[PDB]
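Enquirer: Attaching a single structure in structure tokens format; questions to follow.
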Amino acid sequence: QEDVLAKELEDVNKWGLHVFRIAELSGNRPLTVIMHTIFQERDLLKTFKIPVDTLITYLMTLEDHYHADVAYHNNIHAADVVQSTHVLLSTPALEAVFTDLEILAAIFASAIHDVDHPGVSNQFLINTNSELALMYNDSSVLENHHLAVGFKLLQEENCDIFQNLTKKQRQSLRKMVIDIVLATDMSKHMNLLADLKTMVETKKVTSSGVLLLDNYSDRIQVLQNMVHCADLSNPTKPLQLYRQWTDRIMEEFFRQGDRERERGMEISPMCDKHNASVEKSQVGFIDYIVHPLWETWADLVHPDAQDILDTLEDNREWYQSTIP
Amino acid sequence: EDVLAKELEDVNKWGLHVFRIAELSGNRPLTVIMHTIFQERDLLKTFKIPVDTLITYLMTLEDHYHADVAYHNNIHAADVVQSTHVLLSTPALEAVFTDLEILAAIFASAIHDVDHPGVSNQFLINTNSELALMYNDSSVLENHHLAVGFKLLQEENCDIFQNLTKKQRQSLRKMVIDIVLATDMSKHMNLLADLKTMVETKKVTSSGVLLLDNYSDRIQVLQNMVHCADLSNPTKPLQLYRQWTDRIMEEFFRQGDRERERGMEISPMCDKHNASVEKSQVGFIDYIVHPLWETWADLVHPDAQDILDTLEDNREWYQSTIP
Ligand SMILES: COc1cc2c(cc1OC)CN(C=O)CC2
Ligand SMILES: COc1cc2c(cc1OC)CN(C=O)CC2
Ligand SMILES: [Mg+2]
Ligand SMILES: [Mg+2]
Ligand SMILES: [Mg+2]
Ligand SMILES: [Mg+2]
Ligand SMILES: [Zn+2]
Ligand SMILES: [Zn+2]
């Protein structure tokens, strides 16, 4: 079984990794084993002098703080966003663009970006006067919490994977990670996409043909949209993966809608298991959110992501075909 | 208790004897000044606030300002409340703000520094504090002030908004959050630029009363109004101003002592062995306080003239104390 797991982890550089199989083969440790594999593949333990036992201890604690009883926003989702970011970081249009520290920030941000997610939306937490929404003044409630947990866990016994970074390195990494995870709040999507389109329309490329990003604002904006793309990458995956993600998000949505219906609240969009159209909701999600984003990312790295965009468009056609 | 009532008759005036009221009230200036302002604006009848609930909340809120913090305590909170109360009655702002916006501005003022530890956001970030960890280094204190102010409403007989509709509560909450987050000094320059923009394009009646049609402009004015109240010490009668300066320097110096003991770089104006209190006040007026208050004065022209005159008198006096 360990041999089969190792075989599957050989696909870590590929879009469409068998992440649900890896979750089973690893004993529900997909985040730990995929993060470890990526850190080895990118030589990050050597570069940042991360003790392997410290990395594994932190990853297992982080993974533990994802909720195993939440259908979508769990450790498998985290592992999936990590691996998807890892693939996007390797796109030819970004070769030698980002530093090792920026690469570390994007991958760490992906790993922590939904930690301790309770399986309900920001709007639900606000409308129910939750302790989280009270702590965070209704503003990026979950995303602020994911950051606070992800950073706090570094202080647990033998968990500081950044113990050998310089002070300036730690300061820079912390700021970049905060900037990246806060950009996963869907309330920021429209402004984030508008900005990404502006960068595409004005983009500069070097003599080697890679993106020229010569200031923090442009560099962090690319990393923010990269992780946001990874977070919204399910409909761009092979259909057997995409359908499992759809099954999971609908279960999570329906459980929230059951709580809203109980409380006499208006049921959130797509959360009513008695008045649901899963297929129409996927086509709308793709048409208004996922394809606008991924078409713009594909434009930024053109033509690196053409196959990913082609898969998204095929999956949209497939879901659309199940309506009439 | 009769002299206390005598002092409170100036509640509508710039320069209220807030330190005298703090002493006469048994260190309850926030409670008695908030209560006075709520009665004077009839906010209890307008919003069906039981007087026992108001007093209970106000005492609990006041209890969560630190008595061993020289500046950011309940006297400062009461001062900002009462200052906001006066600025809300600016004639050039007549008919601008709804009753809920007025309640939001006054409530925001009361909670805007609650549970302040007497050290800056940068100190909290640099010492890897639990507060900075919770709030991801962003408006750390101001997020905490809001969280405490609202959490205290859930204490027994403390929900002063219990007879507001759900929609009214949601609207007030958003406004209060927007106002208190704007008291973070790292937002001052952007706030001032937006106040300036509003001054350049301001629309008034023939009588010179401001016309603010959209919520974005109205919340910007309320943010700058409470920010002005927060930064109003140099605009008060000099005797009050000098007491505030003594307190902020005591607080700054206590921060610099903690920084020195920890081996940290001492924050500006926080080194008691290398301070220039008077030069610092002149620079603070010249670069922060006067630009803000003269822009505010342009917005409400001529209603802020006496306040601006006091500020300029006080700047001249502090400069004269520099040899
Ligand atoms: C796979 O389908 C979806 C995935 C996700 C959403 C919606 C979807 O379909 C309508 C919205 N999100 C909320 O957290 C992000 C993930
Ligand atoms: C009375 O003098 C001052 C007051 C205040 C500051 C600085 C001052 O002088 C230099 C800065 N602030 C920090 O919280 C607001 C209050
Ligand atoms: Mg999220
Ligand atoms: Mg403050
Ligand atoms: Mg109108
Ligand atoms: Mg005069
Ligand atoms: Zn996510
Ligand atoms: Zn203040």
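We label chains A, B, ... in the order they appear in the structure tokens, count residues from 1 in each chain, and number ligands from 1 in the order shown.
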Report the closest atom pair, with its distance in Å rounded to one decimal, for each residue of chain A that has an atom no farther than 9 Å from chain B; count only C-alpha atoms, sort by chain and then rising residue number, and write it as CSV.

Expert:
```
residue,atom,partner,partner_atom,distance
A:131,CA,B:151,CA,8.9
A:134,CA,B:147,CA,5.8
A:135,CA,B:147,CA,5.3
A:136,CA,B:143,CA,6.9
A:137,CA,B:147,CA,6.6
A:138,CA,B:174,CA,8.4
A:144,CA,B:135,CA,6.9
A:145,CA,B:134,CA,7.5
A:147,CA,B:136,CA,7.1
A:148,CA,B:134,CA,5.2
A:149,CA,B:134,CA,8.3
A:151,CA,B:133,CA,7.4
A:152,CA,B:133,CA,7.1
A:174,CA,B:136,CA,8.8
A:175,CA,B:137,CA,8.6
A:178,CA,B:136,CA,6.8
```

Enquirer: Could you dump the residues just selected with C-alpha atoms as a short mmCIF file (atom, residue, chain, number, x, y, z; two decimals), in the first residue's frame?

Expert:
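Final output, saved to selection_38.cif:
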```cif
data_model
loop_
_atom_site.label_atom_id
_atom_site.label_comp_id
_atom_site.auth_asym_id
_atom_site.auth_seq_id
_atom_site.Cartn_x
_atom_site.Cartn_y
_atom_site.Cartn_z
CA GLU A 131 -18.11 34.16 17.81
CA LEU A 134 -17.74 38.92 16.41
CA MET A 135 -13.98 38.43 16.68
CA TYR A 136 -13.36 39.60 13.11
CA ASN A 137 -15.96 42.38 12.73
CA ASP A 138 -17.71 40.61 9.83
CA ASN A 144 -8.59 35.86 8.95
CA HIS A 145 -9.24 32.81 11.11
CA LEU A 147 -4.36 32.67 8.89
CA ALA A 148 -4.45 33.00 12.68
CA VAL A 149 -4.69 29.21 13.12
CA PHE A 151 0.46 30.77 12.08
CA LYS A 152 -0.43 29.87 15.69
CA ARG A 174 4.30 36.43 6.96
CA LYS A 175 3.16 39.50 5.03
CA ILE A 178 -1.48 37.08 4.82
#
```

Enquirer: As a PDB file with C-alpha atoms, in the first residue's frame, please: every protein or nucleic acid residue near ligand 2 (cut-off 6 Å, counting only C-alpha atoms and all ligand atoms).

Expert:
```
ATOM      1  CA  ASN B 233      -6.617  67.453  22.159  1.00  0.00           C
ATOM      2  CA  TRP B 244      -3.515  65.327  27.536  1.00  0.00           C
ATOM      3  CA  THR B 245       0.091  65.891  26.476  1.00  0.00           C
ATOM      4  CA  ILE B 248       0.249  60.635  26.165  1.00  0.00           C
ATOM      5  CA  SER B 280       6.871  66.859  19.153  1.00  0.00           C
ATOM      6  CA  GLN B 281       3.601  68.711  19.788  1.00  0.00           C
ATOM      7  CA  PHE B 284       2.256  66.774  15.424  1.00  0.00           C
TER       8      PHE B 284
END
```

Enquirer: When DSSP is applied to the backbone of this structure, which of segment 141-274 of chain B are assigned helix (DSSP H, G or I)? Write them out as a ChimeraX atom specification.

Expert: /B:141-154,166-181,185-200,215-230,233-235,238-262

Enquirer: Please, which residues in chain B fall within 9 Å of ligand 5 when counting only C-alpha atoms and all ligand atoms, and what is the closest atom pair and distance in Å to one decimal for each, ordered by chain then residue number, as CSV?

Expert:
```
residue,atom,partner,partner_atom_place_in_ligand_line,distance
B:212,CA,ligand 5,1 (Mg),7.9
B:213,CA,ligand 5,1 (Mg),4.6
B:214,CA,ligand 5,1 (Mg),6.5
B:215,CA,ligand 5,1 (Mg),9.0
```

Enquirer: Output N, CA, C and O atoms for every residue in that selection, as a JSON list (two decimals), in the first residue's frame.

Expert:
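What follows is the written file result.json:
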```json
[["chain", "number", "residue", "atom", "x", "y", "z"],
["B", 212, "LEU", "N", -25.14, 65.69, 1.20],
["B", 212, "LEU", "CA", -24.39, 64.44, 1.07],
["B", 212, "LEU", "C", -25.38, 63.33, 0.70],
["B", 212, "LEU", "O", -25.99, 62.72, 1.57],
["B", 213, "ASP", "N", -25.50, 63.03, -0.59],
["B", 213, "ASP", "CA", -26.57, 62.13, -1.00],
["B", 213, "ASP", "C", -26.21, 60.65, -0.81],
["B", 213, "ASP", "O", -27.09, 59.85, -0.47],
["B", 214, "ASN", "N", -24.97, 60.24, -1.06],
["B", 214, "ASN", "CA", -24.73, 58.81, -1.04],
["B", 214, "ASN", "C", -24.01, 58.36, 0.23],
["B", 214, "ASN", "O", -23.26, 59.12, 0.86],
["B", 215, "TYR", "N", -24.28, 57.11, 0.62],
["B", 215, "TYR", "CA", -23.75, 56.57, 1.86],
["B", 215, "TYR", "C", -22.23, 56.63, 1.89],
["B", 215, "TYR", "O", -21.64, 56.85, 2.96]]
```

Enquirer: Grab me every residue within 7 Å of ligand 8, counting only C-alpha atoms and all ligand atoms, and send it over as a ChimeraX atom specification.

Expert: /B:72,76-77,112-113,230

Enquirer: I'd like the contact shell of residue 230 of chain A - 9 Å cut-off, only C-alpha atoms, skipping same-chain residues fewer than 4 positions apart - returned as a list in words.

Expert: residues 80, 81, 82, 83, 84, 85, 88, 110, 225, 226 and 234 of chain A

Enquirer: For the selection just defined, write its residues with N, CA and C atoms to a file, as a PDB file, in the first residue's frame.

Expert:
```pdb
ATOM      1  N   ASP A  80      -5.270  19.509  -2.327  1.00  0.00           N
ATOM      2  CA  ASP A  80      -5.544  19.776  -3.735  1.00  0.00           C
ATOM      3  C   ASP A  80      -5.109  21.188  -4.115  1.00  0.00           C
ATOM      4  N   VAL A  81      -5.399  22.183  -3.270  1.00  0.00           N
ATOM      5  CA  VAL A  81      -5.004  23.555  -3.603  1.00  0.00           C
ATOM      6  C   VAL A  81      -3.483  23.702  -3.551  1.00  0.00           C
ATOM      7  N   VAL A  82      -2.844  23.048  -2.577  1.00  0.00           N
ATOM      8  CA  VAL A  82      -1.383  23.008  -2.519  1.00  0.00           C
ATOM      9  C   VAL A  82      -0.804  22.479  -3.826  1.00  0.00           C
ATOM     10  N   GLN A  83      -1.254  21.300  -4.248  1.00  0.00           N
ATOM     11  CA  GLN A  83      -0.664  20.666  -5.422  1.00  0.00           C
ATOM     12  C   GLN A  83      -0.967  21.467  -6.676  1.00  0.00           C
ATOM     13  N   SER A  84      -2.161  22.054  -6.742  1.00  0.00           N
ATOM     14  CA  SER A  84      -2.517  22.873  -7.897  1.00  0.00           C
ATOM     15  C   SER A  84      -1.654  24.129  -7.971  1.00  0.00           C
ATOM     16  N   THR A  85      -1.435  24.795  -6.830  1.00  0.00           N
ATOM     17  CA  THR A  85      -0.512  25.927  -6.795  1.00  0.00           C
ATOM     18  C   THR A  85       0.890  25.515  -7.225  1.00  0.00           C
ATOM     19  N   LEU A  88       0.904  25.363 -10.945  1.00  0.00           N
ATOM     20  CA  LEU A  88       0.863  26.700 -11.527  1.00  0.00           C
ATOM     21  C   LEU A  88       2.189  27.441 -11.358  1.00  0.00           C
ATOM     22  N   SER A 110      -1.242  28.150   0.556  1.00  0.00           N
ATOM     23  CA  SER A 110      -2.196  27.173   0.038  1.00  0.00           C
ATOM     24  C   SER A 110      -2.505  26.114   1.090  1.00  0.00           C
ATOM     25  N   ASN A 225      -3.634  35.834  -7.301  1.00  0.00           N
ATOM     26  CA  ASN A 225      -4.521  35.250  -8.291  1.00  0.00           C
ATOM     27  C   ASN A 225      -4.169  33.799  -8.569  1.00  0.00           C
ATOM     28  N   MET A 226      -2.888  33.434  -8.444  1.00  0.00           N
ATOM     29  CA  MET A 226      -2.486  32.047  -8.654  1.00  0.00           C
ATOM     30  C   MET A 226      -3.161  31.135  -7.638  1.00  0.00           C
ATOM     31  N   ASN A 234     -11.455  23.296  -9.328  1.00  0.00           N
ATOM     32  CA  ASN A 234     -12.149  22.013  -9.482  1.00  0.00           C
ATOM     33  C   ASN A 234     -12.738  21.824 -10.877  1.00  0.00           C
TER      34      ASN A 234
END
```

Enquirer: Any residue with an atom at most 8 Å from ligand 3 counts, using only C-alpha atoms and all ligand atoms. Which are they? Put them as a ChimeraX atom specification.

Expert: /A:73,113-114,117,142-143,181,184-185,231

Enquirer: Please write out the residues within 9 Å of ligand 1 as an MDAnalysis selection string, counting only C-alpha atoms and all ligand atoms.

Expert: chainID A and resid 72:73 119:121 185:186 231:235 242:250 253 270 278:286

Enquirer: Neighbours of ligand 6 at 7 Å or closer, counting only C-alpha atoms and all ligand atoms: which residues, as a list in words?

Expert: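 So the residues close to ligand 6 are residues 306, 309 and 310 of chain B.
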
Enquirer: Generate a file of the selected residues that holds N, CA, C and O atoms, formatted as a PDB file, in the first residue's frame.

Expert:
```
ATOM      1  N   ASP B 306     -13.804  78.682  15.607  1.00  0.00           N
ATOM      2  CA  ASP B 306     -13.324  78.837  16.976  1.00  0.00           C
ATOM      3  C   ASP B 306     -12.423  77.676  17.375  1.00  0.00           C
ATOM      4  O   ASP B 306     -11.426  77.867  18.085  1.00  0.00           O
ATOM      5  N   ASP B 309      -9.185  78.258  15.670  1.00  0.00           N
ATOM      6  CA  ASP B 309      -8.480  79.360  16.325  1.00  0.00           C
ATOM      7  C   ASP B 309      -7.748  78.878  17.574  1.00  0.00           C
ATOM      8  O   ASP B 309      -6.608  79.287  17.832  1.00  0.00           O
ATOM      9  N   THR B 310      -8.403  78.040  18.378  1.00  0.00           N
ATOM     10  CA  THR B 310      -7.769  77.495  19.572  1.00  0.00           C
ATOM     11  C   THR B 310      -6.547  76.663  19.201  1.00  0.00           C
ATOM     12  O   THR B 310      -5.478  76.799  19.816  1.00  0.00           O
TER      13      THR B 310
END
```

Enquirer: When distances are computed from only C-alpha atoms, which of A:124, A:160, A:19, A:67 shows the smallest separation from residue 257 of chain A?

Expert: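 Closest to residue 257 of chain A, using only C-alpha atoms: A:124.
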
Enquirer: What is the atom CA of residue 171 of chain B-atom CA of residue 103 of chain B distance in Å, reported with one decimal?

Expert: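 Here the two named atoms are 11.1 Å from each other.
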